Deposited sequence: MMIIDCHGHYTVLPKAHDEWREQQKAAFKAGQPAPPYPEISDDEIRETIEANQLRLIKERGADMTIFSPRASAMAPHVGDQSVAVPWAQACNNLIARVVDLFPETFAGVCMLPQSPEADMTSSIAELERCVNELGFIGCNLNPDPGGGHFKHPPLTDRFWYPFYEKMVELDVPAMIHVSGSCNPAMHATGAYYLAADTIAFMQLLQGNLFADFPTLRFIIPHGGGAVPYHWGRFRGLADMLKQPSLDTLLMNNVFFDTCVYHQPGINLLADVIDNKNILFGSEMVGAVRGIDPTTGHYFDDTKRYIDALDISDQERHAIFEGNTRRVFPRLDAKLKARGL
């Protein structure tokens, strides 16, 4: 079985990229040339080394999430940034095509509809060979002032996803809200809110093939699985298994064994996708284990499950959720 990591961002970048970013905002408040060897550098010393150390084969790789910051920022700012962030990913893929597959950030901004986003999706899937995207449920950056995912506002975009046969990870970005830390508060809240928004309507009755990944082990959701099943009856809604769990998936970016145990316990096997978000939110060693918080393969490994279960989690669920990756690997005879 292949070990595919479904959650990863290019987090250690050539300086020039981020400096241009700041000057963009400064020329707004009022692009650099990067070499192959610079990118080879940033990736060899970081993700490529850890993949090797940790026994992984592939990582589904997108732009640093907290740097998307669509709230800057109108459509004239977001488009070029989203294009350049995604162009960097396609070069990382180019350079390491057996190791990275591309997921794209969208040029969302607080005031725009999904037109440009539909355009970058097509450019990335159709011309850059990308396999999925990251979808930001709150481009404003901290106050959740966008319409819930059940809103028709988002529909033309899902029509594209469904045309291209590509899933989306629900993923907010950096916070412009002093009351809200990003990787420790905003990210987990959005995971939960996004799940609950879907439990309120019935989106997948309209798009039965639409697939979402809710990162970080679904936020608070599996921990409160009892609460959510119970709210389905409170709201007169269909059960979570029929309403959501053919279309909603959770990664295993939960950085400790007990959390990983609960995830495997209450959530069905087909809904769990191996992911680790390495070199990201939490980079240090765990003082209680001697192993890195984000070396999540270790937690899956220590589970007491069958090969059939381990395989789905490490390879098969992800190839199901990402059809365009499954076909890329089938073509390589894998």
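J.: Counting from residue 1 of the deposited sequence, where are the gaps with no C-alpha coordinates?
T.: Model skips only 31 to 36 of the deposited chain.
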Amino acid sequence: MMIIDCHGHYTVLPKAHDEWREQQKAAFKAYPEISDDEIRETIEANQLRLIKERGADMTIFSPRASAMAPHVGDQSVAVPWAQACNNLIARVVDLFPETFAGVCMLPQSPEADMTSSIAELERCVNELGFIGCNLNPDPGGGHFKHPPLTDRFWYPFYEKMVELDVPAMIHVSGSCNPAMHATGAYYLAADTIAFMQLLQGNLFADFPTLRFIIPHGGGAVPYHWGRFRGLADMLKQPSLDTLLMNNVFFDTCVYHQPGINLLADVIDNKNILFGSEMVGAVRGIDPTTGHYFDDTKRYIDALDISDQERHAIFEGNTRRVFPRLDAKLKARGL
From here on, numbers count along this sequence of modelled residues.
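J.: Going by the average Cα B-factor in the PDB entry, point out whether 31 to 39 or 60 to 68 comes out higher.
T.: Between 31 to 39 and 60 to 68, it is 31 to 39.
J.: What third of its chain's C-alpha B-factors does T288 belong to: lowest, middle or highest?
T.: It falls in the middle third of the chain.
J.: For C104, return the chain-relative third of its C-alpha B-factor as stated in the PDB record: lowest, middle or highest.
T.: Middle third, going by the recorded CA B-factors of the chain.
J.: Quick check for you: using the entry's CA B-factors within this chain, is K52 in the lowest, middle or highest third?
T.: CA B-factor rank for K52: highest third.
J.: By the recorded C-alpha temperature factor, relative to the other modelled residues in its chain, which third is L303 in?
T.: Its C-alpha B-factor, which the entry lists for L303, ranks in the highest third among residues of this chain.
J.: According to the PDB entry, is the CA B factor of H9 in the bottom, middle or top third of its chain, that is, lowest, middle or highest?
T.: It falls in the bottom third of the chain.
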